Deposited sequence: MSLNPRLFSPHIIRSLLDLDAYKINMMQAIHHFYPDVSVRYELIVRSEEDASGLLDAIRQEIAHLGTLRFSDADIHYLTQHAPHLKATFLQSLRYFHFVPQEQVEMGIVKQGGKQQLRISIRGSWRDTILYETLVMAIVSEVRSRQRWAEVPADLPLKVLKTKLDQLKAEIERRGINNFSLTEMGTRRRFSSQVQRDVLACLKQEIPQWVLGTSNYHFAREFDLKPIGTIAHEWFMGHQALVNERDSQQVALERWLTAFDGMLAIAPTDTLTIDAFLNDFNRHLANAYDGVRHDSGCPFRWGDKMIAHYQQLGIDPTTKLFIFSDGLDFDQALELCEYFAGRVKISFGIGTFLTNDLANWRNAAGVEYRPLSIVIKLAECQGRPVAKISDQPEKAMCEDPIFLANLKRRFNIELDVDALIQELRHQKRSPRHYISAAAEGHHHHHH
């Protein structure tokens, strides 16, 4: 393997993950120490996945050997001050048990990985497993990519970004790097962050990766993931789930950054839960599905109805962005609200359609994870793109929609019930 494309280690430390995973681990440690969960990951559209499965197993097994070092803990003590000393002391002994927590196999072809255990002990797997599957695929299938290509591609985009910012007089572009989970490799992410820091420091709000926040002295940014809201569907009554999850984030920490996603259910359900006390306490909200213009306008109107000045709140846009989409959003929201763009794939896994020797255009690995179950009960995400609703139990999902007055397609449900019985 080419040392300019791939470092010796895929996972760099137990801080080499999205910061919100550790942060949410604190909240789960505090409130839900005996709650169990099951996550499901599916890798699609890779022929003979039989072949990735060997090196993935080895890497996943290797997680069982990782530990938090005193230096990792010292780093969080200083740079993540809303983490409780008691929680950080408990990390000193923490490790994974992957032979108990992780199963994987081929289902006929896709690669399926199932992660089961306590919520506190399994929550950190998600981005580590996604980064591993991504990078193993890179090593195995895209090893001949020219080592200088990823940075050439980024440099060209950064030139065009700067040029458009100058031309259009945009003064509100802000970038939050969030490409750990689908990076081409940890080396490529490392170089990408180094380059951003060198080229556009004035526009980098920070990175979700704790390890690279350390390495480059960048601010670590977390937003709360959907799984916190989805898990509450099992822990309280479904109708109270989103509201309780909003409240409990605030009581988990003195002053942790509080940015809520709005589409675990729908924007209307979110607005009905996001009362004046919650809207003032939260620093802002994250957009992840559906039209960002309509979303942001609706959120602004909500703040204004509640007498909150939206220019004091932050919108993080994170729905598959590129820089031209981001600049459009900059113009539309200028003067009205604070903004930043949480960008993943476009930053850390973009080879500009580079073709291999056989002429195949490069695309990132298609990979999804979901929280499937909590306390042995189903949980679901609906979102503002309904076609993307996800639940293993179609009766649960139908009931959850009914409790939130979300339109239910009965004919589709009947087909889903008949399918499941077979």
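- Numbering the deposited sequence from 1, one finds several regions with no C-alpha coordinates, namely 1-2, 111-114, 429-446.
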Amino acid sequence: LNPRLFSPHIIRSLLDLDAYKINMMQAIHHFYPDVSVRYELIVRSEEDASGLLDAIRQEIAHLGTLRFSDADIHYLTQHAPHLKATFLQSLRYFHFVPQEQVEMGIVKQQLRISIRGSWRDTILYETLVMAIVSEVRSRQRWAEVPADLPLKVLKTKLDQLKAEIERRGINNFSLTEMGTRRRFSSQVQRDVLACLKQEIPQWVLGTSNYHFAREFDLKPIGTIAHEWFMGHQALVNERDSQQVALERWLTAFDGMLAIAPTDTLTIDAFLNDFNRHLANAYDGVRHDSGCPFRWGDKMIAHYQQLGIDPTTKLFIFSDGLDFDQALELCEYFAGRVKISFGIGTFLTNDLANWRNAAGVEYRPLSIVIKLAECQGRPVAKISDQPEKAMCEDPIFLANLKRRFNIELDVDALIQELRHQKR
From here on, numbers count along this sequence of modelled residues.
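- The deposited model assigns a higher average Cα B-factor to 97-105 than to the other stretch when 97-105 and 113-121 are compared.
- For the segment pair 38-46 and 368-376, the entry gives 38-46 the higher mean B-factor, averaged over Cα atoms.
- In this structure the maximum Cα B-factor among 232, 336, 197, 302 is found at 197.
- If you compare the C-alpha temperature factors of 227, 217, 297, 240 in the entry, 217 comes out highest.
- Residue-level temperature factors show residue 285 in the lowest third of its chain, judged at the C-alpha atom.
- When the modelled residues of the chain are ordered by C-alpha B-factor, residue 29 sits in the lowest third.
- Among the modelled residues of its chain, residue 273 has a C-alpha B-factor that falls in the lowest third, as given in the PDB entry.
- When the CA B factors of the chain's modelled residues are split into thirds, the value for residue 343 lands in the lowest one.
- When the modelled residues of the chain are ordered by C-alpha B-factor, residue 126 sits in the lowest third.
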